[PDB]
Each structure stands twice: as C-alpha cells, then as structure tokens.
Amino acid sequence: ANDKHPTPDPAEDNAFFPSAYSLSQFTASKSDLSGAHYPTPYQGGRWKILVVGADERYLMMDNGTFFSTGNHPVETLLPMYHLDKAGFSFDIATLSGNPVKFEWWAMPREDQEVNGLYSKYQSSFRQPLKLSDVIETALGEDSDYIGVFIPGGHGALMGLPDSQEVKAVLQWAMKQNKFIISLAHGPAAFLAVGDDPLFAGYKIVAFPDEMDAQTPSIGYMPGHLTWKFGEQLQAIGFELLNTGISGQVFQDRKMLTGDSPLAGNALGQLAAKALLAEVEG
C-alpha cells in the first residue's frame, strides 16, 4: 500500500487521484481541529461569510493527464468550523453555479466534528449559489457579508484565477473594507484582478510553488502543473512570506491567509479572532 503510482479515477478518463503513498503522507483520518471554543460568539445575526468554492475537479497537467482534485476539505472545513463556533454563517457559491468539488481523498473520514460541519452545509456545497447572482444582489455598500473565504486545494487554480466575477468580488471586499480569507492555493484566485494593482504590497502565505514541483515525484499528482500561481501573485505585488509549509498563517490588515492544509486550524482561530474583534466594538 506504499505505492507511488497515481491512482486512476474511474469517473474520468486519464484522470488520477493521488497515489496511495502520497495519501498516507498528506492526509489523515482525523484532523487537528482544536481551540474552537468562543465564550462570547457573535449574536448579531447579520454578518455572514461568502465562500467561493471550486466547481471543477479535473485539472490538466503538462502531460495531458487530469489530476483529480477540487477544494481541500481540511483547508475548507476547519476555518469554517471556528467561524461557525464564533457565531457566523456561510453562503456558498461557485462561478458556474455547479456543485463545489472536494478532494474527498483528503477528507478525515473518522473526524466527527469536521464531518458534522460538512453535514450542516452539504446541501449548500452540493447546490451552491451562482456567483453572478451574489454579485448582482448581495454585495454593494450594505452587503450582509463581513468577508469572503476562498479555500484552497488545486481546484482553486481553475476558473477563479482569471474570472472577472472573482475580480468583482475582490474589488468589493477591498472597497467595502471586508475580510479576505484564503490558504494554500486559494490565493491563486487573487490573480483575477489582472493588471489592476489592487493588492500591491500585501503580505500573504500560500502553498510554495517549489513544493508543487516536488509532490508529483511521489505520485501526489499525475503530472506537473502548467503554470505557477506563486510567481504570478508575486508578479502583481504580493509578498510571499513562506517558502515551506508548517501550518503558518498571517494577517495583513483584513487579508488573512494560511500556507497549506496544515494551517486549517490556525487560520480558523485567526479569522474567528479578527471577525469577533470587529463586531465586538
């Protein structure tokens, strides 16, 4: 079971899940969720958070094979767990309006708390809002969103990075001074601003490009990525604070980020703290 060959995904031809060996290395049956206790949660009932998920599971590799990916379930659910306990609700959307796609092979199958949160929001993940509608009717100056959460997973590398709709959402978050929460490959979505220097100088942590060039060696992916989101973010003004991963998180004003799936819990704590602080006043 310590095999390094990518595992074929029967749902799609020439598609592969991470090899068994890489799975034993980067996934676990339980998550490290902890410290999700907030004595004074938000009771206002107005402020919620918008989640922009990935609507595609299959990412094209340089060799033509499809990496069977999507949003990373730990990177998505842990931050949501803390924010949920902090008293905030979530609206879930995708660009196409099609179901959010998770990397189910990374789901902690024996983690009761994490599974219970997905259960709470499964109807929304499976039948999300279409982002265009949210832009049309739920943003603007008096939106009920206190922030936007863009989870990682390689699924975030598709659509989001060059979507005018994502650009609209980011422009709104900045113009209305809202929280922008992301981690790992999630920050690839920030590239949607194009050459609009909206994020010049911002400091973030994100999944290291170098590691993406390395995981295929143990079959985590069936080929290599066709572009590097890290260098692109740097090209438009972001300062990447990390070169490795350790579950590190960082807050630059209202921009909260995490470096990888290891940062799921730390990010949840970080954001819960920031959001509660703002409503506290």
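One rule holds for the numbers: they count along the sequence shown, beginning at 1.
message: Please compare 158 to 166 with 81 to 89 and say which has the higher mean C-alpha temperature factor in the record.
response: Higher of the two, by average CA B-factor, is 81 to 89.
Using the B-factors recorded in the PDB entry, average over the C-alpha atoms of 270 to 278 and of 2 to 10, then report which stretch comes out higher. The deposited B-factors put 2 to 10 ahead on the C-alpha mean.
### Selection by C-alpha B-factor (highest) of 103, 209, 141, 75
So the option with the highest C-alpha B-factor is 141.
_Residue of maximum C-alpha B factor among 172, 202, 121, 179, per deposited coordinates_ = In the PDB entry, the greatest C-alpha B-factor among 172, 202, 121, 179 is found at 121.
What third of the chain, by the recorded C-alpha B-factor, contains residue 228? Middle third of the chain for residue 228's C-alpha B-factor.
### Message
Using only modelled residues of the chain, where does the Cα B factor of residue 257 rank: lowest third, middle third or highest third?
### Response
CA B-factor rank for residue 257: lowest third.
Using the temperature factors of the C-alpha atoms in this entry, rank residue 114 within its chain: lowest, middle or highest third. Highest third of the chain for residue 114's C-alpha B-factor.
Quick one: classify residue 52 as lowest, middle or highest third of the chain based on its Cα B-factor.
Lowest third.
Can you work out whether the C-alpha temperature factor of residue 61 puts it in the lowest, middle or highest third of the chain?
Residue 61: CA B-factor falls in the middle third of its chain.
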